[PDB]
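*Asks:* Next comes the structure file work_39.pdb, holding PDB, C-alpha atoms.
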MODEL        1
ATOM      1  CA  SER A 166     -82.011  94.063  73.989  1.00  0.00           C
ATOM      2  CA  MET A 167     -82.319  94.451  77.765  1.00  0.00           C
ATOM      3  CA  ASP A 168     -84.808  97.048  79.063  1.00  0.00           C
ATOM      4  CA  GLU A 169     -86.513  98.030  82.353  1.00  0.00           C
ATOM      5  CA  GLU A 170     -89.200  95.342  81.838  1.00  0.00           C
ATOM      6  CA  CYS A 171     -86.428  92.799  82.071  1.00  0.00           C
ATOM      7  CA  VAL A 172     -85.454  94.100  85.570  1.00  0.00           C
ATOM      8  CA  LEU A 173     -89.094  94.307  86.704  1.00  0.00           C
ATOM      9  CA  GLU A 174     -89.555  90.655  85.856  1.00  0.00           C
ATOM     10  CA  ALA A 175     -86.475  89.791  87.909  1.00  0.00           C
ATOM     11  CA  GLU A 176     -87.764  91.664  90.999  1.00  0.00           C
ATOM     12  CA  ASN A 177     -91.247  90.136  90.873  1.00  0.00           C
ATOM     13  CA  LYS A 178     -89.749  86.670  90.451  1.00  0.00           C
ATOM     14  CA  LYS A 179     -87.656  87.300  93.571  1.00  0.00           C
ATOM     15  CA  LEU A 180     -90.721  88.328  95.608  1.00  0.00           C
ATOM     16  CA  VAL A 181     -92.549  85.132  94.641  1.00  0.00           C
ATOM     17  CA  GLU A 182     -89.539  82.924  95.337  1.00  0.00           C
ATOM     18  CA  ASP A 183     -89.128  84.346  98.833  1.00  0.00           C
ATOM     19  CA  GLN A 184     -92.806  83.721  99.556  1.00  0.00           C
ATOM     20  CA  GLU A 185     -92.231  80.073  98.601  1.00  0.00           C
ATOM     21  CA  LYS A 186     -89.218  79.895 100.915  1.00  0.00           C
ATOM     22  CA  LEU A 187     -91.198  81.282 103.856  1.00  0.00           C
ATOM     23  CA  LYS A 188     -93.830  78.610 103.179  1.00  0.00           C
ATOM     24  CA  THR A 189     -91.169  75.882 103.240  1.00  0.00           C
ATOM     25  CA  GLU A 190     -89.678  77.192 106.495  1.00  0.00           C
ATOM     26  CA  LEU A 191     -93.136  77.176 108.087  1.00  0.00           C
ATOM     27  CA  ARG A 192     -93.504  73.521 107.149  1.00  0.00           C
ATOM     28  CA  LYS A 193     -90.086  72.593 108.558  1.00  0.00           C
ATOM     29  CA  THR A 194     -91.024  74.380 111.766  1.00  0.00           C
ATOM     30  CA  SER A 195     -94.285  72.497 112.191  1.00  0.00           C
ATOM     31  CA  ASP A 196     -92.487  69.249 111.412  1.00  0.00           C
ATOM     32  CA  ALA A 197     -89.968  69.915 114.160  1.00  0.00           C
ATOM     33  CA  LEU A 198     -92.672  70.805 116.659  1.00  0.00           C
ATOM     34  CA  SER A 199     -94.541  67.616 115.802  1.00  0.00           C
ATOM     35  CA  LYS A 200     -91.389  65.631 116.494  1.00  0.00           C
ATOM     36  CA  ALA A 201     -91.187  67.432 119.848  1.00  0.00           C
ATOM     37  CA  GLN A 202     -94.851  66.607 120.521  1.00  0.00           C
ATOM     38  CA  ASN A 203     -94.231  62.906 119.966  1.00  0.00           C
ATOM     39  CA  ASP A 204     -91.130  63.035 122.162  1.00  0.00           C
ATOM     40  CA  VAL A 205     -93.074  64.706 124.980  1.00  0.00           C
ATOM     41  CA  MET A 206     -95.757  62.019 124.746  1.00  0.00           C
ATOM     42  CA  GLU A 207     -93.030  59.339 124.906  1.00  0.00           C
ATOM     43  CA  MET A 208     -91.729  61.010 128.055  1.00  0.00           C
ATOM     44  CA  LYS A 209     -95.221  61.060 129.558  1.00  0.00           C
ATOM     45  CA  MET A 210     -95.740  57.320 129.091  1.00  0.00           C
ATOM     46  CA  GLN A 211     -92.169  56.438 130.071  1.00  0.00           C
ATOM     47  CA  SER A 212     -92.584  58.513 133.223  1.00  0.00           C
ATOM     48  CA  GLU A 213     -95.827  56.798 134.152  1.00  0.00           C
ATOM     49  CA  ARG A 214     -94.207  53.374 133.892  1.00  0.00           C
ATOM     50  CA  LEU A 215     -91.243  54.636 135.903  1.00  0.00           C
ATOM     51  CA  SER A 216     -93.562  55.945 138.624  1.00  0.00           C
ATOM     52  CA  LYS A 217     -95.337  52.599 138.848  1.00  0.00           C
ATOM     53  CA  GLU A 218     -91.945  50.918 139.208  1.00  0.00           C
ATOM     54  CA  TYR A 219     -90.998  53.289 142.043  1.00  0.00           C
ATOM     55  CA  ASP A 220     -94.288  52.612 143.830  1.00  0.00           C
ATOM     56  CA  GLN A 221     -93.831  48.857 143.417  1.00  0.00           C
ATOM     57  CA  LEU A 222     -90.226  48.986 144.617  1.00  0.00           C
ATOM     58  CA  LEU A 223     -91.040  50.882 147.807  1.00  0.00           C
ATOM     59  CA  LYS A 224     -94.062  48.672 148.484  1.00  0.00           C
ATOM     60  CA  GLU A 225     -92.204  45.348 148.226  1.00  0.00           C
ATOM     61  CA  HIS A 226     -89.082  46.511 150.076  1.00  0.00           C
ATOM     62  CA  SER A 227     -89.989  48.317 153.294  1.00  0.00           C
ATOM     63  CA  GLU A 228     -86.329  48.986 154.155  1.00  0.00           C
ATOM     64  CA  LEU A 229     -86.164  51.256 151.095  1.00  0.00           C
TER
ATOM     65  CA  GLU B 170     -82.100  40.500 147.068  1.00  0.00           C
ATOM     66  CA  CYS B 171     -82.400  38.857 143.636  1.00  0.00           C
ATOM     67  CA  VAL B 172     -85.760  40.396 142.733  1.00  0.00           C
ATOM     68  CA  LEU B 173     -84.526  43.766 143.994  1.00  0.00           C
ATOM     69  CA  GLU B 174     -81.460  43.528 141.755  1.00  0.00           C
ATOM     70  CA  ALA B 175     -83.482  42.737 138.609  1.00  0.00           C
ATOM     71  CA  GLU B 176     -86.074  45.409 139.426  1.00  0.00           C
ATOM     72  CA  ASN B 177     -83.301  47.946 139.926  1.00  0.00           C
ATOM     73  CA  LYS B 178     -81.696  47.074 136.580  1.00  0.00           C
ATOM     74  CA  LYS B 179     -85.032  47.629 134.825  1.00  0.00           C
ATOM     75  CA  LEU B 180     -85.638  50.889 136.698  1.00  0.00           C
ATOM     76  CA  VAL B 181     -82.223  52.296 135.777  1.00  0.00           C
ATOM     77  CA  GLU B 182     -82.481  51.446 132.074  1.00  0.00           C
ATOM     78  CA  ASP B 183     -85.906  53.117 132.002  1.00  0.00           C
ATOM     79  CA  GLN B 184     -84.378  56.228 133.602  1.00  0.00           C
ATOM     80  CA  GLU B 185     -81.840  56.167 130.766  1.00  0.00           C
ATOM     81  CA  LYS B 186     -84.697  55.996 128.268  1.00  0.00           C
ATOM     82  CA  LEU B 187     -86.228  59.077 129.887  1.00  0.00           C
ATOM     83  CA  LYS B 188     -82.889  60.907 129.683  1.00  0.00           C
ATOM     84  CA  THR B 189     -82.518  60.142 125.981  1.00  0.00           C
ATOM     85  CA  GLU B 190     -86.101  61.221 125.346  1.00  0.00           C
ATOM     86  CA  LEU B 191     -85.438  64.518 127.136  1.00  0.00           C
ATOM     87  CA  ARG B 192     -82.390  65.197 124.983  1.00  0.00           C
ATOM     88  CA  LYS B 193     -84.341  64.423 121.805  1.00  0.00           C
ATOM     89  CA  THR B 194     -87.138  66.781 122.840  1.00  0.00           C
ATOM     90  CA  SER B 195     -84.723  69.590 123.607  1.00  0.00           C
ATOM     91  CA  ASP B 196     -82.997  69.053 120.244  1.00  0.00           C
ATOM     92  CA  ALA B 197     -86.326  69.213 118.408  1.00  0.00           C
ATOM     93  CA  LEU B 198     -87.273  72.480 120.079  1.00  0.00           C
ATOM     94  CA  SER B 199     -83.833  73.889 119.238  1.00  0.00           C
ATOM     95  CA  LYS B 200     -84.404  72.997 115.588  1.00  0.00           C
ATOM     96  CA  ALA B 201     -87.763  74.774 115.689  1.00  0.00           C
ATOM     97  CA  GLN B 202     -86.178  77.906 117.205  1.00  0.00           C
ATOM     98  CA  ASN B 203     -83.524  78.003 114.493  1.00  0.00           C
ATOM     99  CA  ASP B 204     -86.302  77.693 111.927  1.00  0.00           C
ATOM    100  CA  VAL B 205     -88.096  80.661 113.513  1.00  0.00           C
ATOM    101  CA  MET B 206     -84.923  82.767 113.240  1.00  0.00           C
ATOM    102  CA  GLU B 207     -84.870  81.868 109.553  1.00  0.00           C
ATOM    103  CA  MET B 208     -88.505  82.906 109.141  1.00  0.00           C
ATOM    104  CA  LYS B 209     -87.885  86.255 110.830  1.00  0.00           C
ATOM    105  CA  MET B 210     -85.066  87.036 108.413  1.00  0.00           C
ATOM    106  CA  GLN B 211     -87.094  85.753 105.457  1.00  0.00           C
ATOM    107  CA  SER B 212     -90.128  87.892 106.284  1.00  0.00           C
ATOM    108  CA  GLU B 213     -87.878  90.910 106.731  1.00  0.00           C
ATOM    109  CA  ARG B 214     -86.564  90.172 103.249  1.00  0.00           C
ATOM    110  CA  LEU B 215     -90.113  89.972 101.891  1.00  0.00           C
ATOM    111  CA  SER B 216     -91.221  93.293 103.338  1.00  0.00           C
ATOM    112  CA  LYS B 217     -88.027  95.048 102.219  1.00  0.00           C
ATOM    113  CA  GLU B 218     -88.469  93.676  98.691  1.00  0.00           C
ATOM    114  CA  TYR B 219     -92.064  94.929  98.657  1.00  0.00           C
ATOM    115  CA  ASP B 220     -91.011  98.351  99.933  1.00  0.00           C
ATOM    116  CA  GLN B 221     -88.320  98.593  97.258  1.00  0.00           C
ATOM    117  CA  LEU B 222     -90.867  97.622  94.592  1.00  0.00           C
ATOM    118  CA  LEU B 223     -93.144 100.452  95.719  1.00  0.00           C
ATOM    119  CA  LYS B 224     -90.396 103.063  96.051  1.00  0.00           C
ATOM    120  CA  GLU B 225     -89.115 102.283  92.555  1.00  0.00           C
ATOM    121  CA  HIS B 226     -92.407 101.973  90.679  1.00  0.00           C
ATOM    122  CA  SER B 227     -94.995 104.083  92.511  1.00  0.00           C
TER
ATOM    123  CA  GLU C 170    -103.790 105.245  92.789  1.00  0.00           C
ATOM    124  CA  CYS C 171    -106.547 105.066  95.417  1.00  0.00           C
ATOM    125  CA  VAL C 172    -107.123 101.303  95.382  1.00  0.00           C
ATOM    126  CA  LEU C 173    -103.345 100.900  95.451  1.00  0.00           C
ATOM    127  CA  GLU C 174    -103.203 102.982  98.638  1.00  0.00           C
ATOM    128  CA  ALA C 175    -105.907 100.911 100.337  1.00  0.00           C
ATOM    129  CA  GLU C 176    -104.349  97.591  99.320  1.00  0.00           C
ATOM    130  CA  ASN C 177    -100.947  98.848 100.469  1.00  0.00           C
ATOM    131  CA  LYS C 178    -102.219  99.901 103.902  1.00  0.00           C
ATOM    132  CA  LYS C 179    -103.813  96.462 104.287  1.00  0.00           C
ATOM    133  CA  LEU C 180    -100.658  94.639 103.152  1.00  0.00           C
ATOM    134  CA  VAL C 181     -98.484  96.603 105.564  1.00  0.00           C
ATOM    135  CA  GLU C 182    -100.752  95.897 108.534  1.00  0.00           C
ATOM    136  CA  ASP C 183    -100.621  92.206 107.676  1.00  0.00           C
ATOM    137  CA  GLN C 184     -96.817  92.247 107.529  1.00  0.00           C
ATOM    138  CA  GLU C 185     -96.595  93.837 110.987  1.00  0.00           C
ATOM    139  CA  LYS C 186     -99.148  91.341 112.280  1.00  0.00           C
ATOM    140  CA  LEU C 187     -96.984  88.489 110.973  1.00  0.00           C
ATOM    141  CA  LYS C 188     -93.912  90.033 112.636  1.00  0.00           C
ATOM    142  CA  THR C 189     -95.720  90.126 115.965  1.00  0.00           C
ATOM    143  CA  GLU C 190     -96.756  86.504 115.486  1.00  0.00           C
ATOM    144  CA  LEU C 191     -93.122  85.514 114.892  1.00  0.00           C
ATOM    145  CA  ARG C 192     -92.005  87.179 118.114  1.00  0.00           C
ATOM    146  CA  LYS C 193     -94.934  85.583 119.978  1.00  0.00           C
ATOM    147  CA  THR C 194     -93.872  82.202 118.590  1.00  0.00           C
ATOM    148  CA  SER C 195     -90.225  82.487 119.591  1.00  0.00           C
ATOM    149  CA  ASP C 196     -91.367  83.510 123.084  1.00  0.00           C
ATOM    150  CA  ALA C 197     -93.666  80.475 123.286  1.00  0.00           C
ATOM    151  CA  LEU C 198     -90.865  78.165 122.174  1.00  0.00           C
ATOM    152  CA  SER C 199     -88.480  79.623 124.755  1.00  0.00           C
ATOM    153  CA  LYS C 200     -91.111  78.918 127.409  1.00  0.00           C
ATOM    154  CA  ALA C 201     -91.382  75.303 126.231  1.00  0.00           C
ATOM    155  CA  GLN C 202     -87.565  74.898 126.123  1.00  0.00           C
ATOM    156  CA  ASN C 203     -87.179  76.233 129.638  1.00  0.00           C
ATOM    157  CA  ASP C 204     -89.885  73.779 130.751  1.00  0.00           C
ATOM    158  CA  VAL C 205     -87.972  70.879 129.166  1.00  0.00           C
ATOM    159  CA  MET C 206     -84.642  71.866 130.761  1.00  0.00           C
ATOM    160  CA  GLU C 207     -86.479  72.069 134.081  1.00  0.00           C
ATOM    161  CA  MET C 208     -87.715  68.510 133.566  1.00  0.00           C
ATOM    162  CA  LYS C 209     -84.118  67.474 132.839  1.00  0.00           C
ATOM    163  CA  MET C 210     -82.889  68.926 136.123  1.00  0.00           C
ATOM    164  CA  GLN C 211     -85.848  67.408 137.980  1.00  0.00           C
ATOM    165  CA  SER C 212     -85.333  63.929 136.547  1.00  0.00           C
ATOM    166  CA  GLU C 213     -81.669  64.128 137.505  1.00  0.00           C
ATOM    167  CA  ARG C 214     -82.608  65.045 141.086  1.00  0.00           C
ATOM    168  CA  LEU C 215     -85.026  62.110 141.121  1.00  0.00           C
ATOM    169  CA  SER C 216     -82.573  59.495 139.862  1.00  0.00           C
ATOM    170  CA  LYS C 217     -79.846  60.893 142.121  1.00  0.00           C
ATOM    171  CA  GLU C 218     -81.920  60.577 145.281  1.00  0.00           C
ATOM    172  CA  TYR C 219     -83.017  57.115 144.175  1.00  0.00           C
ATOM    173  CA  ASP C 220     -79.335  56.189 143.940  1.00  0.00           C
ATOM    174  CA  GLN C 221     -78.736  57.602 147.415  1.00  0.00           C
ATOM    175  CA  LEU C 222     -81.695  55.585 148.722  1.00  0.00           C
ATOM    176  CA  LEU C 223     -80.329  52.277 147.444  1.00  0.00           C
ATOM    177  CA  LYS C 224     -76.776  53.097 148.492  1.00  0.00           C
ATOM    178  CA  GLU C 225     -77.878  53.826 152.066  1.00  0.00           C
ATOM    179  CA  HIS C 226     -80.463  51.064 152.661  1.00  0.00           C
ATOM    180  CA  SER C 227     -79.390  48.197 150.379  1.00  0.00           C
ATOM    181  CA  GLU C 228     -76.403  46.126 149.253  1.00  0.00           C
TER
ATOM    182  CA  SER D 166     -83.253  53.537 165.138  1.00  0.00           C
ATOM    183  CA  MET D 167     -86.351  55.675 165.512  1.00  0.00           C
ATOM    184  CA  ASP D 168     -84.167  58.132 163.627  1.00  0.00           C
ATOM    185  CA  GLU D 169     -83.839  55.450 160.932  1.00  0.00           C
ATOM    186  CA  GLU D 170     -87.598  55.231 160.421  1.00  0.00           C
ATOM    187  CA  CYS D 171     -87.567  59.030 160.299  1.00  0.00           C
ATOM    188  CA  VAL D 172     -84.965  59.516 157.602  1.00  0.00           C
ATOM    189  CA  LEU D 173     -86.450  56.655 155.610  1.00  0.00           C
ATOM    190  CA  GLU D 174     -89.923  58.246 155.830  1.00  0.00           C
ATOM    191  CA  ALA D 175     -88.631  61.686 154.792  1.00  0.00           C
ATOM    192  CA  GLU D 176     -86.674  60.202 151.897  1.00  0.00           C
ATOM    193  CA  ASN D 177     -89.648  58.206 150.630  1.00  0.00           C
ATOM    194  CA  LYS D 178     -91.881  61.291 150.809  1.00  0.00           C
ATOM    195  CA  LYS D 179     -89.251  63.193 148.826  1.00  0.00           C
ATOM    196  CA  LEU D 180     -89.038  60.549 146.108  1.00  0.00           C
ATOM    197  CA  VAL D 181     -92.825  60.493 145.730  1.00  0.00           C
ATOM    198  CA  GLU D 182     -93.030  64.296 145.732  1.00  0.00           C
ATOM    199  CA  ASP D 183     -90.373  64.623 143.046  1.00  0.00           C
ATOM    200  CA  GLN D 184     -92.212  62.069 140.908  1.00  0.00           C
ATOM    201  CA  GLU D 185     -95.310  64.246 141.239  1.00  0.00           C
ATOM    202  CA  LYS D 186     -93.340  67.371 140.288  1.00  0.00           C
ATOM    203  CA  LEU D 187     -92.082  65.692 137.131  1.00  0.00           C
ATOM    204  CA  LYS D 188     -95.652  64.638 136.281  1.00  0.00           C
ATOM    205  CA  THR D 189     -96.905  68.232 136.664  1.00  0.00           C
ATOM    206  CA  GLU D 190     -94.016  69.602 134.625  1.00  0.00           C
ATOM    207  CA  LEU D 191     -94.778  67.157 131.804  1.00  0.00           C
ATOM    208  CA  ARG D 192     -98.395  68.281 131.654  1.00  0.00           C
ATOM    209  CA  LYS D 193     -97.502  72.004 131.579  1.00  0.00           C
ATOM    210  CA  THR D 194     -94.754  71.376 129.027  1.00  0.00           C
ATOM    211  CA  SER D 195     -97.237  69.699 126.714  1.00  0.00           C
ATOM    212  CA  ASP D 196     -99.538  72.713 127.146  1.00  0.00           C
ATOM    213  CA  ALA D 197     -96.760  75.144 126.179  1.00  0.00           C
ATOM    214  CA  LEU D 198     -95.792  73.090 123.155  1.00  0.00           C
ATOM    215  CA  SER D 199     -99.402  72.943 121.988  1.00  0.00           C
ATOM    216  CA  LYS D 200     -99.503  76.738 122.292  1.00  0.00           C
ATOM    217  CA  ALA D 201     -96.454  77.081 120.050  1.00  0.00           C
ATOM    218  CA  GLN D 202     -97.884  74.651 117.479  1.00  0.00           C
ATOM    219  CA  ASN D 203    -101.070  76.672 117.203  1.00  0.00           C
ATOM    220  CA  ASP D 204     -99.015  79.860 116.903  1.00  0.00           C
ATOM    221  CA  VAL D 205     -97.278  78.294 113.897  1.00  0.00           C
ATOM    222  CA  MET D 206    -100.602  77.315 112.335  1.00  0.00           C
ATOM    223  CA  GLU D 207    -101.668  80.946 112.774  1.00  0.00           C
ATOM    224  CA  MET D 208     -98.536  82.146 110.987  1.00  0.00           C
ATOM    225  CA  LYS D 209     -99.211  79.720 108.134  1.00  0.00           C
ATOM    226  CA  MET D 210    -102.713  81.100 107.707  1.00  0.00           C
ATOM    227  CA  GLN D 211    -101.485  84.693 107.997  1.00  0.00           C
ATOM    228  CA  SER D 212     -98.695  84.225 105.448  1.00  0.00           C
ATOM    229  CA  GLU D 213    -101.076  82.551 103.009  1.00  0.00           C
ATOM    230  CA  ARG D 214    -103.235  85.654 103.376  1.00  0.00           C
ATOM    231  CA  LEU D 215    -100.187  87.815 102.668  1.00  0.00           C
ATOM    232  CA  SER D 216     -99.436  85.686  99.596  1.00  0.00           C
ATOM    233  CA  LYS D 217    -102.947  86.200  98.274  1.00  0.00           C
ATOM    234  CA  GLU D 218    -102.590  89.959  98.776  1.00  0.00           C
ATOM    235  CA  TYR D 219     -99.187  90.088  97.046  1.00  0.00           C
ATOM    236  CA  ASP D 220    -100.550  88.070  94.138  1.00  0.00           C
ATOM    237  CA  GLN D 221    -103.570  90.360  93.802  1.00  0.00           C
ATOM    238  CA  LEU D 222    -101.350  93.427  94.011  1.00  0.00           C
ATOM    239  CA  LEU D 223     -98.918  92.336  91.301  1.00  0.00           C
ATOM    240  CA  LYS D 224    -101.785  91.130  89.116  1.00  0.00           C
ATOM    241  CA  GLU D 225    -103.771  94.389  89.232  1.00  0.00           C
ATOM    242  CA  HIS D 226    -100.760  96.693  88.871  1.00  0.00           C
ATOM    243  CA  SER D 227     -98.476  95.659  85.999  1.00  0.00           C
ATOM    244  CA  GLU D 228     -96.000  98.433  86.824  1.00  0.00           C
ATOM    245  CA  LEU D 229     -95.267  96.655  90.106  1.00  0.00           C
TER
ENDMDL
END
Show this structure as structure tokens.

*Replies:*
Amino acid sequence: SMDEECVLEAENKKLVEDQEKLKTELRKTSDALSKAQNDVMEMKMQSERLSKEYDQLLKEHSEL
Amino acid sequence: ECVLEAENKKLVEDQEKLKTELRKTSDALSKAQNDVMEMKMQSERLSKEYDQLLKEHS
Amino acid sequence: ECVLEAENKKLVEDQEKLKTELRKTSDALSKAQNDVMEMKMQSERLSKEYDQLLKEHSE
Amino acid sequence: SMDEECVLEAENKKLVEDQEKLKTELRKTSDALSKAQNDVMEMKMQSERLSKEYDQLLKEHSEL
């Protein structure tokens, strides 16, 4: 026989479940930002090699 | 001219690598922003739930 | 009823604090994103003028 | 052909300068990203605090 206790339990359960979801979303967010961090580092190194290649190219070929 | 040609090929393909890397970075940040929208809505849900709990039972 | 009032005040302040942190975070991300798009434009200007350099002074 | 040395000089300076600008932008970008990552860590800590308070609240007050 359903009573108000029944509904109370449902509401509390919902509060807890949404806390869990916010936790999950936080983790997905940090994961994405860590991917971005790695990508930025990749760009840093790639850019340093590229800059060395530019330097080298202009040094060997004075007409450029 | 030979060495210049090879060097140029290398330089261009590395530029392409940088371009790809840029796109990937942008995409990652976009994913993070979407996630933050989600968290704003989720936390609004949490505080509304709490408020409702209080209004009903206190 | 008293302890409930105190705990509630505390809880509310922490919710608003979290809200502010979320806004702060989206702002920070928008800053980063703008920075990345700026690097995209810059790298395009760089490769473009490199192309012009080789087109003008090479075969 | 003095003009030639001119244009070539200007163009080289511009290539170098734009390399430098990309370098600077990469450094600042990494800074901004690090800022956002720490902001997310702060929200994790804050939301765990909120979770502890919700738990305590529902535990002490059965009518909630």

*Asks:* Taking 2 positions as the minimum chain separation for residues in the same chain, which residues sit within 12 Å of residue 206 in chain A when counting only C-alpha atoms? Answer as a compact mmCIF listing (two decimals) with C-alpha atoms, in the frame of the given file.

*Replies:*
# COMPACT_ATOMS: atom_id res chain seq x y z
CA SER A 199 -94.54 67.62 115.80
CA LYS A 200 -91.39 65.63 116.49
CA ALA A 201 -91.19 67.43 119.85
CA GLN A 202 -94.85 66.61 120.52
CA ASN A 203 -94.23 62.91 119.97
CA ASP A 204 -91.13 63.04 122.16
CA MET A 208 -91.73 61.01 128.06
CA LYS A 209 -95.22 61.06 129.56
CA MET A 210 -95.74 57.32 129.09
CA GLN A 211 -92.17 56.44 130.07
CA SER A 212 -92.58 58.51 133.22
CA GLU A 213 -95.83 56.80 134.15
CA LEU B 187 -86.23 59.08 129.89
CA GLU B 190 -86.10 61.22 125.35
CA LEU B 191 -85.44 64.52 127.14
CA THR B 194 -87.14 66.78 122.84
CA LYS D 188 -95.65 64.64 136.28
CA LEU D 191 -94.78 67.16 131.80
CA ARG D 192 -98.40 68.28 131.65
CA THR D 194 -94.75 71.38 129.03
CA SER D 195 -97.24 69.70 126.71
CA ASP D 196 -99.54 72.71 127.15
CA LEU D 198 -95.79 73.09 123.16
CA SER D 199 -99.40 72.94 121.99

*Asks:* Identify, on the basis of only C-alpha atoms, every residue whose closest approach to range 195-199 of chain B does not exceed 6 Å; exclude the query and any residue fewer than 3 positions from it along the same chain; express the result as a PyMOL selection string.

*Replies:* (chain A and resi 197+201) or (chain B and resi 192+202)

*Asks:* Using all atoms listed in the file, determine which residues lie at most 10 Å from residue 218 in chain C, disregarding the query and same-chain residues fewer than 3 positions distant; provide the list as a list in words.

*Replies:*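 Counting all atoms listed in the file, the residues come to residues 212, 213, 214, 215, 221, 222, 223 and 224 of chain C; 176, 177, 179, 180 and 183 of chain D.
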
*Asks:* Given the choices A:184, A:171, A:218, A:190, which gets closest to chain D if the distance is worked out from all atoms listed in the file?

*Replies:*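 Counting all atoms listed in the file, the residue closest to chain D is A:184.
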
*Asks:* Which distance in Å separates CA of residue 166 in chain D and CA of residue 226 in chain A, to one decimal?

*Replies:*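 Spanning CA of residue 166 in chain D to CA of residue 226 in chain A is a straight-line distance of 17.6 Å.
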
*Asks:* Nearest to chain D among B:181, B:206, B:175, B:201, with distances taken over only C-alpha atoms: which residue is it?

*Replies:* B:201

*Asks:* Distance limit 8 Å, atoms considered: all atoms listed in the file. Which chain B residues sit that close to chain D? Return them as JSON, numbers by chain.

*Replies:* {"B": [222, 223, 226, 227]}

*Asks:* May I ask you to extract the residues of chain C within 8 Å of chain B, using only C-alpha atoms, and to give them as JSON, numbers by chain?

*Replies:* {"C": [184, 188, 191, 194, 195, 198, 201, 202, 205, 206, 208, 209, 212, 216]}
